[PDB]
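Pasting upload09.cif here (mmCIF, C-alpha atoms):
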```
data_data
#
loop_
_atom_site.label_atom_id
_atom_site.label_comp_id
_atom_site.auth_asym_id
_atom_site.auth_seq_id
_atom_site.Cartn_x
_atom_site.Cartn_y
_atom_site.Cartn_z
CA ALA V 2 0.00 0.00 0.00
CA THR V 3 1.03 3.61 -0.63
CA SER V 4 -0.70 6.80 0.54
CA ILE V 5 0.16 10.15 -1.06
CA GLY V 6 -1.24 13.47 0.11
CA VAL V 7 -0.20 16.73 -1.55
CA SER V 8 -1.64 20.17 -0.88
CA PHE V 9 -0.99 23.74 -1.97
CA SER V 10 -1.80 27.17 -0.55
CA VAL V 11 -0.88 30.81 -1.16
CA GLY V 12 -0.25 33.64 1.25
CA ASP V 13 -2.23 36.84 0.96
CA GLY V 14 -0.98 39.81 -1.00
CA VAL V 15 1.82 40.23 -3.49
CA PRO V 16 5.43 40.97 -2.49
CA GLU V 17 6.61 44.45 -3.41
CA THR V 28 4.06 53.90 -11.34
CA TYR V 29 3.46 50.86 -13.54
CA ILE V 30 3.51 47.07 -13.55
CA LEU V 31 4.42 44.47 -16.14
CA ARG V 32 2.12 41.55 -16.81
CA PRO V 33 2.83 38.35 -18.76
CA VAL V 34 1.45 37.89 -22.24
CA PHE V 35 -1.03 35.02 -22.30
CA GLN V 36 0.68 32.91 -24.95
CA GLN V 37 3.94 32.86 -22.98
CA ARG V 38 2.49 32.11 -19.54
CA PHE V 39 3.46 29.16 -17.37
CA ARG V 40 0.86 26.58 -18.40
CA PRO V 41 0.21 23.90 -15.75
CA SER V 42 -1.45 21.57 -18.26
CA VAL V 43 1.56 21.75 -20.57
CA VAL V 44 4.03 21.38 -17.69
CA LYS V 45 2.22 18.27 -16.47
CA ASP V 46 2.46 16.62 -19.88
CA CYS V 47 6.19 17.38 -20.07
CA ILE V 48 6.74 16.01 -16.57
CA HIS V 49 4.86 12.77 -17.14
CA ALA V 50 6.72 12.21 -20.41
CA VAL V 51 10.02 12.58 -18.56
CA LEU V 52 8.88 10.30 -15.75
CA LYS V 53 7.56 7.67 -18.13
CA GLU V 54 10.75 7.53 -20.19
CA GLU V 55 13.24 7.64 -17.33
CA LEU V 56 11.44 5.44 -14.80
CA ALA V 57 9.03 3.32 -16.80
CA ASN V 58 9.37 0.08 -14.80
CA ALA V 59 13.15 -0.23 -14.52
CA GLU V 60 14.32 -1.68 -11.24
CA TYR V 61 15.98 0.87 -8.98
CA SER V 62 17.78 -0.04 -5.80
CA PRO V 63 17.46 2.31 -2.82
CA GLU V 64 21.08 3.38 -3.26
CA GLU V 65 20.31 4.59 -6.79
CA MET V 66 17.49 6.90 -5.70
CA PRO V 67 19.39 9.88 -4.20
CA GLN V 68 21.06 10.68 -7.51
CA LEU V 69 17.94 9.69 -9.43
CA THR V 70 16.01 12.60 -7.92
CA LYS V 71 18.58 15.15 -9.10
CA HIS V 72 18.63 13.54 -12.54
CA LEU V 73 14.86 13.89 -12.85
CA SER V 74 14.80 17.43 -11.46
CA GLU V 75 17.53 18.58 -13.83
CA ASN V 76 15.96 16.84 -16.83
CA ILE V 77 12.52 18.27 -16.06
CA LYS V 78 14.01 21.72 -15.54
CA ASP V 79 15.84 21.55 -18.87
CA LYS V 80 12.71 20.41 -20.70
CA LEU V 81 10.72 23.31 -19.26
CA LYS V 82 13.35 25.80 -20.44
CA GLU V 83 12.40 25.05 -24.06
CA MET V 84 8.64 25.58 -23.67
CA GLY V 85 8.66 29.28 -24.50
CA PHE V 86 7.84 30.41 -20.96
CA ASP V 87 9.45 33.82 -21.32
CA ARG V 88 10.21 35.83 -18.18
CA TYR V 89 9.52 32.98 -15.75
CA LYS V 90 11.85 31.66 -13.09
CA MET V 91 11.12 28.00 -12.49
CA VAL V 92 11.63 25.66 -9.55
CA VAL V 93 11.33 21.88 -9.87
CA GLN V 94 11.38 19.67 -6.78
CA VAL V 95 11.44 15.88 -7.01
CA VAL V 96 10.57 13.55 -4.13
CA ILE V 97 11.12 9.79 -4.27
CA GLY V 98 10.31 7.12 -1.72
CA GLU V 99 10.98 3.41 -1.69
CA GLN V 100 7.97 1.25 -2.49
CA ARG V 101 8.22 -0.54 0.87
CA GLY V 102 7.18 2.69 2.57
CA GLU V 103 3.67 3.60 3.63
CA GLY V 104 3.67 6.73 1.49
CA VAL V 105 4.56 10.40 1.63
CA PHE V 106 2.85 13.69 2.42
CA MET V 107 3.73 17.13 1.14
CA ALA V 108 2.57 20.72 1.48
CA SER V 109 3.58 23.69 -0.65
CA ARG V 110 2.93 27.32 0.23
CA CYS V 111 3.97 30.35 -1.80
CA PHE V 112 4.10 34.09 -1.25
CA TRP V 113 4.00 35.30 -4.83
CA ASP V 114 1.70 36.87 -7.43
CA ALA V 115 -1.34 34.61 -7.69
CA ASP V 116 -2.38 36.30 -10.95
CA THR V 117 0.83 35.41 -12.80
CA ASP V 118 2.47 32.46 -11.06
CA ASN V 119 1.39 28.83 -11.02
CA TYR V 120 2.38 25.34 -9.92
CA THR V 121 1.98 21.65 -10.70
CA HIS V 122 1.85 18.50 -8.58
CA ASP V 123 2.30 15.10 -10.22
CA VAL V 124 2.60 11.49 -9.09
CA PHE V 125 4.38 8.47 -10.57
CA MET V 126 4.80 4.98 -9.15
CA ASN V 127 6.30 1.66 -10.22
CA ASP V 128 7.42 -1.53 -8.50
CA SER V 129 10.55 0.06 -7.01
CA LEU V 130 9.45 3.54 -5.97
CA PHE V 131 6.83 6.23 -5.85
CA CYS V 132 7.62 9.76 -6.97
CA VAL V 133 6.11 13.21 -6.44
CA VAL V 134 7.07 16.16 -8.64
CA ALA V 135 6.31 19.76 -7.71
CA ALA V 136 7.05 22.50 -10.22
CA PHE V 137 6.63 26.25 -9.78
CA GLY V 138 6.73 29.18 -12.16
CA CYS V 139 7.25 32.75 -10.98
CA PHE V 140 6.83 35.64 -13.39
CA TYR V 141 9.58 38.12 -14.27
CA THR G 10 19.12 42.85 0.76
CA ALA G 11 20.20 39.23 0.22
CA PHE G 12 19.02 35.67 0.78
CA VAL G 13 20.99 34.56 3.85
CA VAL G 14 20.93 30.79 4.04
CA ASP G 15 21.83 30.37 7.71
CA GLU G 16 19.18 32.97 8.50
CA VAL G 17 16.59 30.92 6.61
CA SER G 18 17.98 27.66 7.98
CA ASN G 19 17.36 28.65 11.59
CA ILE G 20 13.85 29.80 10.69
CA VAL G 21 13.15 26.41 9.14
CA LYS G 22 14.54 24.44 12.08
CA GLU G 23 12.44 26.31 14.63
CA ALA G 24 9.34 26.00 12.46
CA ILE G 25 9.81 22.24 12.25
CA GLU G 26 10.32 22.09 16.02
CA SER G 27 7.24 24.21 16.72
CA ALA G 28 5.01 22.05 14.53
CA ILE G 29 6.15 18.45 15.12
CA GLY G 30 8.86 18.71 17.76
CA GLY G 31 8.32 16.14 20.46
CA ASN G 32 5.54 14.32 18.60
CA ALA G 33 5.59 10.77 17.36
CA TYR G 34 4.10 10.07 13.96
CA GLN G 35 0.30 10.14 13.87
CA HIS G 36 -1.50 9.26 10.66
CA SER G 37 -4.40 11.44 11.82
CA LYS G 38 -2.31 14.63 11.80
CA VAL G 39 0.35 14.26 9.10
CA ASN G 40 -1.37 16.45 6.50
CA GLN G 41 -2.11 19.01 9.19
CA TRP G 42 1.57 18.90 10.17
CA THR G 43 2.95 19.58 6.69
CA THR G 44 0.59 22.53 6.32
CA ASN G 45 1.60 23.87 9.74
CA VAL G 46 5.30 23.71 8.86
CA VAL G 47 4.99 25.65 5.61
CA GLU G 48 2.58 28.12 7.22
CA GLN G 49 5.00 28.97 10.03
CA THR G 50 8.07 28.94 7.80
CA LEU G 51 6.57 31.29 5.23
CA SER G 52 5.22 33.66 7.88
CA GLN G 53 8.63 33.98 9.52
CA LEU G 54 10.22 34.49 6.09
CA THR G 55 7.85 37.27 5.06
CA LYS G 56 8.62 39.05 8.33
CA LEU G 57 12.21 39.63 7.21
CA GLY G 58 10.94 42.37 4.89
CA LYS G 59 13.32 41.37 2.11
CA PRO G 60 12.14 41.75 -1.52
CA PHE G 61 11.56 38.09 -2.34
CA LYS G 62 8.74 35.90 -3.49
CA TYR G 63 9.06 32.64 -1.57
CA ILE G 64 8.29 28.99 -2.23
CA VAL G 65 8.25 26.67 0.79
CA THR G 66 7.64 22.93 0.70
CA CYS G 67 7.46 20.43 3.56
CA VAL G 68 7.68 16.67 3.07
CA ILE G 69 6.89 14.18 5.83
CA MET G 70 7.28 10.40 5.73
CA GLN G 71 6.68 7.80 8.41
CA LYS G 72 9.74 5.68 9.14
CA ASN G 73 9.38 2.05 8.05
CA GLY G 74 12.97 1.32 7.17
CA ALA G 75 12.26 2.83 3.76
CA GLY G 76 14.18 5.88 2.66
CA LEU G 77 13.14 9.33 1.50
CA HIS G 78 14.94 11.21 -1.25
CA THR G 79 14.61 14.72 -2.64
CA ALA G 80 16.32 17.14 -4.98
CA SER G 81 15.58 20.47 -6.60
CA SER G 82 16.72 22.14 -9.80
CA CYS G 83 16.00 25.77 -10.60
CA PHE G 84 16.12 28.15 -13.54
CA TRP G 85 16.67 31.56 -11.98
CA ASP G 86 19.31 34.21 -11.26
CA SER G 87 21.92 32.57 -9.05
CA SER G 88 23.43 35.97 -8.24
CA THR G 89 20.20 37.09 -6.55
CA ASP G 90 18.15 33.95 -5.85
CA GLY G 91 18.83 31.16 -3.41
CA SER G 92 17.47 28.12 -1.63
CA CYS G 93 17.70 26.44 1.75
CA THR G 94 16.88 22.83 2.52
CA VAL G 95 16.74 21.22 5.95
CA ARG G 96 16.43 17.48 6.53
CA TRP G 97 14.95 16.82 9.97
CA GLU G 98 14.52 13.41 11.51
CA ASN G 99 13.27 11.80 14.71
CA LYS G 100 12.60 8.26 15.90
CA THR G 101 9.41 7.91 13.85
CA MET G 102 9.42 10.24 10.84
CA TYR G 103 11.42 12.23 8.32
CA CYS G 104 10.67 15.88 7.59
CA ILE G 105 12.31 17.78 4.73
CA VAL G 106 11.68 21.49 4.22
CA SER G 107 12.86 23.45 1.18
CA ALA G 108 12.60 27.23 0.96
CA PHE G 109 13.30 29.12 -2.25
CA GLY G 110 13.87 32.84 -2.49
CA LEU G 111 13.28 34.48 -5.87
CA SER G 112 14.22 38.14 -6.06
CA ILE G 113 11.95 40.60 -7.80
#
```
Please go through the file and, once you have read it, give me the structure as structure tokens.
Amino acid sequence: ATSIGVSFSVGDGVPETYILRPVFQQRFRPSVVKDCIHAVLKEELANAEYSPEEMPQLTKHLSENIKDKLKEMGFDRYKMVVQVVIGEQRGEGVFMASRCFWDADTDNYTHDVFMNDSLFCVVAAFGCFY
Amino acid sequence: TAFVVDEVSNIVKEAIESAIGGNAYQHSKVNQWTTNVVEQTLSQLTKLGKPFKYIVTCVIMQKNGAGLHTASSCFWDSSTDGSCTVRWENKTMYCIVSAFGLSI
């Protein structure tokens, strides 16, 4: 068995005349980011056996690969953070909370889940404008 | 001013202690615990007054002999932006908190 609980919340207000706002076609698109992430996870992890000792470097490999894929999606003027969490399948599961103090009108996030016989994985990605 | 890692690191450690310090793992509270950690951590970060937009994540796993692994990769300005990660552990659970500061 494996229980996974992931939540997200945002603090009030925006951290601090004119403002710049992102153009729609270049915004951080959660639906697109999800499809990139799952493609990376499927190719790199599909059902290959991973020992526990392989997992610490595996997380960095996935985070770097996902980050590099997102850099070529046309998301202009967005700083991006990708966090990868992996647990061994023998475990009961994992629980995660994300909270941001940012601009809720421009910035967005994704949470995604992958599992195979060796491990379960959680990917959190964030995009902050400008 | 700047993202001071040891300044953030002490904030994270105290936030973890305030939320789950001295508690054994309870299934009935784990989601409440992760939310409490990021809530306290972010609040103490915003009180520094520095010009950052913050991302804070907390991960909790019950100890079964199974391991917990994390990593982060970013695409930002390394001259201005930074991150702090604390791995906390007691007899019954792991807790990993990552805080990212993105200058504006």
message: Which residues, named as in the file, does the PyMOL selection byres ((chain V and resi 99) around 9) pick out? Answer as a ChimeraX atom specification.
response: /V:62-63,66,97-98,100-102,104,129-132 /G:75-78
message: As an exercise, work out the distance from atom CA of residue 30 of chain G to atom CA of residue 54 of chain G in Å and give it to one decimal place.
response: 19.7 Å
message: What's around segment 105-111 of chain V at 7 Å? Count only C-alpha atoms, leave out sequence neighbours fewer than 3 positions away in its own chain, and write the answer as a VMD selection string.
response: (chain V and resid 4 to 12) or (chain G and resid 40 43 to 44 47 63 to 70)
- prompt: Skipping near chain neighbours, those fewer than 6 positions away, what residues fall within 6 Å of segment 36-42 of chain V using all atoms listed in the file, listed as an MDAnalysis selection string?
  reply: chainID V and resid 86:87 121
Could you tell me which residues the PyMOL selection byres ((chain V and resi 137) around 10) returns for this structure, as an mmCIF file with C-alpha atoms, in the coordinates of the input?
```
data_model
loop_
_atom_site.group_PDB
_atom_site.id
_atom_site.type_symbol
_atom_site.label_atom_id
_atom_site.label_comp_id
_atom_site.auth_asym_id
_atom_site.auth_seq_id
_atom_site.Cartn_x
_atom_site.Cartn_y
_atom_site.Cartn_z
ATOM 1 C CA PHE V 39 3.460 29.160 -17.370
ATOM 2 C CA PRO V 41 0.210 23.900 -15.750
ATOM 3 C CA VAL V 44 4.030 21.380 -17.690
ATOM 4 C CA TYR V 89 9.520 32.980 -15.750
ATOM 5 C CA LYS V 90 11.850 31.660 -13.090
ATOM 6 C CA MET V 91 11.120 28.000 -12.490
ATOM 7 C CA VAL V 92 11.630 25.660 -9.550
ATOM 8 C CA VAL V 93 11.330 21.880 -9.870
ATOM 9 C CA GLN V 94 11.380 19.670 -6.780
ATOM 10 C CA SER V 109 3.580 23.690 -0.650
ATOM 11 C CA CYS V 111 3.970 30.350 -1.800
ATOM 12 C CA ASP V 118 2.470 32.460 -11.060
ATOM 13 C CA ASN V 119 1.390 28.830 -11.020
ATOM 14 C CA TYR V 120 2.380 25.340 -9.920
ATOM 15 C CA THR V 121 1.980 21.650 -10.700
ATOM 16 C CA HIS V 122 1.850 18.500 -8.580
ATOM 17 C CA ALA V 135 6.310 19.760 -7.710
ATOM 18 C CA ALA V 136 7.050 22.500 -10.220
ATOM 19 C CA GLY V 138 6.730 29.180 -12.160
ATOM 20 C CA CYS V 139 7.250 32.750 -10.980
ATOM 21 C CA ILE G 64 8.290 28.990 -2.230
ATOM 22 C CA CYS G 83 16.000 25.770 -10.600
#
```
field: Expected selection from the PyMOL selection byres ((chain G and resi 111) around 9), given as a ChimeraX atom specification
entry: /V:90,139 /G:12,60-64,85-86,89-92,109-110,112-113
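Of note, atom CA of residue 71 of chain V and atom CA of residue 80 of chain G are spaced 5.1 Å apart.
Separating atom CA of residue 49 of chain V from atom CA of residue 133 of chain V is a distance of 10.8 Å.
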query: Can you tell me, as an MDAnalysis selection string, what residues are no more than 12 Å from residue 19 of chain G when counting all atoms listed in the file, ignoring any on the same chain fewer than 2 positions away?
result: chainID G and resid 13:17 21:26 50 53:54 93:95 106 108
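Ranking V:59, V:47, V:77, V:115 by their shortest atom-to-atom distance to residue 81 of chain G, with all atoms listed in the file included, puts V:77 first.
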Identify, on the basis of only C-alpha atoms, every residue whose closest approach to residue 127 of chain V does not exceed 8 Å; exclude the query and any residue fewer than 5 positions from it along the same chain; express the result as a short mmCIF file (atom, residue, chain, number, x, y, z; two decimals) with C-alpha atoms, in the frame of the given file.
```cif
data_model
loop_
_atom_site.label_atom_id
_atom_site.label_comp_id
_atom_site.auth_asym_id
_atom_site.auth_seq_id
_atom_site.Cartn_x
_atom_site.Cartn_y
_atom_site.Cartn_z
CA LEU V 56 11.44 5.44 -14.80
CA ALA V 57 9.03 3.32 -16.80
CA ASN V 58 9.37 0.08 -14.80
CA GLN V 100 7.97 1.25 -2.49
#
```
Could you add whatever atoms are missing so that segment 54-69 of chain G carries N, CA and C atoms, then write the result as a compact mmCIF listing (two decimals), in the coordinates of the input?
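result_25.txt was written with the following content:
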```txt
# COMPACT_ATOMS: atom_id res chain seq x y z
N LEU G 54 9.43 33.97 7.20
CA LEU G 54 10.22 34.49 6.09
C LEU G 54 9.72 35.86 5.65
N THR G 55 8.41 36.00 5.49
CA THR G 55 7.85 37.27 5.06
C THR G 55 8.13 38.39 6.05
N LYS G 56 8.35 38.04 7.32
CA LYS G 56 8.62 39.05 8.33
C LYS G 56 10.01 39.65 8.21
N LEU G 57 10.89 39.06 7.41
CA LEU G 57 12.21 39.63 7.21
C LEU G 57 12.17 40.90 6.37
N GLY G 58 11.08 41.16 5.66
CA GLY G 58 10.94 42.37 4.89
C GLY G 58 11.75 42.42 3.62
N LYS G 59 12.48 41.36 3.29
CA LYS G 59 13.32 41.37 2.11
C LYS G 59 12.46 41.25 0.85
N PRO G 60 12.92 41.79 -0.27
CA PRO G 60 12.14 41.75 -1.52
C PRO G 60 12.26 40.43 -2.27
N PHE G 61 11.57 39.42 -1.75
CA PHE G 61 11.56 38.09 -2.34
C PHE G 61 10.14 37.58 -2.44
N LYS G 62 9.88 36.79 -3.47
CA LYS G 62 8.74 35.90 -3.49
C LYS G 62 9.23 34.50 -3.14
N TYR G 63 8.57 33.86 -2.18
CA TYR G 63 9.06 32.64 -1.57
C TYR G 63 8.24 31.43 -1.99
N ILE G 64 8.92 30.29 -2.08
CA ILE G 64 8.29 28.99 -2.23
C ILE G 64 8.81 28.11 -1.11
N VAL G 65 7.89 27.52 -0.35
CA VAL G 65 8.25 26.67 0.79
C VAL G 65 7.49 25.36 0.67
N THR G 66 8.22 24.25 0.74
CA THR G 66 7.64 22.93 0.70
C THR G 66 8.07 22.14 1.93
N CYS G 67 7.16 21.34 2.46
CA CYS G 67 7.46 20.43 3.56
C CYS G 67 7.03 19.03 3.17
N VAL G 68 7.92 18.07 3.37
CA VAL G 68 7.68 16.67 3.07
C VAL G 68 7.83 15.88 4.35
N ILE G 69 6.86 15.02 4.65
CA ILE G 69 6.89 14.18 5.83
C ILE G 69 6.65 12.74 5.42
```
